[PDB]
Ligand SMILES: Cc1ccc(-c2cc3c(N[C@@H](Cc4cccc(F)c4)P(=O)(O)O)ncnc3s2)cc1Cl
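Just one chain is shown here, as structure tokens, and it is the form solved without the named molecule.
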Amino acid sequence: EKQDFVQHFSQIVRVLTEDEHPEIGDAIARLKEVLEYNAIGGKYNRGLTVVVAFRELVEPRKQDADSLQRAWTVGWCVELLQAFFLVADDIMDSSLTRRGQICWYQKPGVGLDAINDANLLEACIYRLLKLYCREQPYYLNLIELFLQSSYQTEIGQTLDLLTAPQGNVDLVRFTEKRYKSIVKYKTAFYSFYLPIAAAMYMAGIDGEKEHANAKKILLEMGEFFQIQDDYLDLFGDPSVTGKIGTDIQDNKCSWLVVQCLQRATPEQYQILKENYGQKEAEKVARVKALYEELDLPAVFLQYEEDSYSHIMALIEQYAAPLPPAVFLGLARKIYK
């Protein structure tokens, strides 16, 4: 399934680049480069979720060649949206690598031009929806879903960045309540709600209450996914994660620091105060050592188990009348 999804990318790049209007040539070329470098090399889970859910929600007699093409394309739209956000997120977080290669903006000859490049990736979403879904009943529902999920992700990023001012001790700000708001908005809407909801609209499941019920499950899964992202920022294997962690030196409201603040002794609070939020390797190591001294890996592992049980309880409550398998396949993939 992931090999089939990735094979459809050649076709996407081909239709996005067919406007070559020789004049715009050299920017179409650059657009190819941005797409090749930036939407390829991930696991493709968010885009595949659209396709998997589409096949589970749509009656097989309605799954002809062209409706399947529209599903693959919408899944690539979700991946282009993630590519838009990541590019810009790597600039703002001062990140070094992404998916096992240097962040696009560190590429010599790119730099802050990456800002345009990211806006273009966003623009491609709507070009693809027009090329493929324009005459479908769900066209406007999808455009609106993508725009709303962007807005919600940018609100989240705003909070992320206001809670993490550079060069400024922000520990008082780092609370559970605040953390939960950050991750709801910055990650949960676009990573989980968006692709399932997109498949739902394509299948003609438009009801407010069915979308609300699906959202109840999916926003909690997204919360877990971001907690996991925070854990792996520091404790993940960078040959697996494909990215260097910057949360400590970026002064982020990570699940780790939140959990640390609620366990630290007043001596340990001062260690964090003196070392969090700074570029010095030795300072970052003191924080990591405090996390390790507080058995934060053990705490994450227990949370992963408790979170799983909680999400499965919500699937029991809220999945119907959708197939639980939609949610269960997602759970398998993120608690893997």
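Throughout, rigid core stands for the largest set of C-alpha atoms superposing within 1.5 Å between the two forms. Don't overthink the numbering: it's just position in the shown sequence, from 1.
- Coordinates are lacking for 1 to 3 deposited residues between residue 20 and residue 21.
- The stretch 2-10 shows the higher mean C-alpha B-factor when 326-334 is compared against 2-10 in the entry.
- Here 124-132 and 238-246 are compared by their mean Cα B-factor, and 238-246 comes out higher.
- Across the residues 172, 202, 214, 114, the deposited record lists the maximum Cα B factor for 172.
- Reading the B-factor column for the CA atoms of 311, 31, 53, 40 in the entry, the top value corresponds to 40.
- Among the modelled residues of its chain, residue 79 has a C-alpha B-factor that falls in the middle third, as given in the PDB entry.
- Ranked by C-alpha B-factor against the other modelled residues of its chain, residue 58 falls in the middle third.
- Remark: residue 307 belongs to the lowest third of its chain, ranked by C-alpha B-factor as recorded.
- Split the chain's modelled residues into thirds by C-alpha temperature factor. Residue 301 is in the middle one.
- Split the chain's modelled residues into thirds by C-alpha temperature factor. Residue 36 is in the lowest one.
A second form of this protein, the form solved in complex with the named molecule, is not displayed here; the remarks below concern that form.
- At the 4.5 Å threshold, heavy atoms of residue 8 stay clear of the named molecule in the bound PDB entry, well away from it.
- When contacts are judged by a 4.5 Å heavy atom cut-off, residue 268 does not count as touching the named molecule in the bound PDB entry.
- Heavy atoms of residue 232 reach within 4.5 Å of the named molecule in the bound PDB entry, making it an interface residue.
- Put simply, residue 27 is far from the named molecule in the bound PDB entry: not one heavy atom of it is within 4.5 Å.
- Residue heavy atoms within 4.5 Å of the named molecule in the bound PDB entry occur in exactly one stretch of 268-276, 298-306, 285-293, 27-35, and that stretch is 298-306.
- In the bound PDB entry, the residues of 321-335 lying within 4.5 Å of the named molecule by at least one heavy atom are, in order, 328, 330, 331, 332, 333, 334, 335.
- Measuring CA movement between this form and the one not shown with the rigid core aligned, the set 141, 136, 106, 249 has one residue at 2 Å or more: 249.
- Superposition on the rigid core between this form and the one not shown places the CA atom of residue 297 2 Å or more away from its counterpart.
- With a cut-off of 2 Å and the rigid core superposed, residue 265 has a Cα displacement that reaches or exceeds the cut-off between this form and the one not shown.
- With the core held fixed, residue 159 shows a CA shift below 2 Å between this form and the one not shown.
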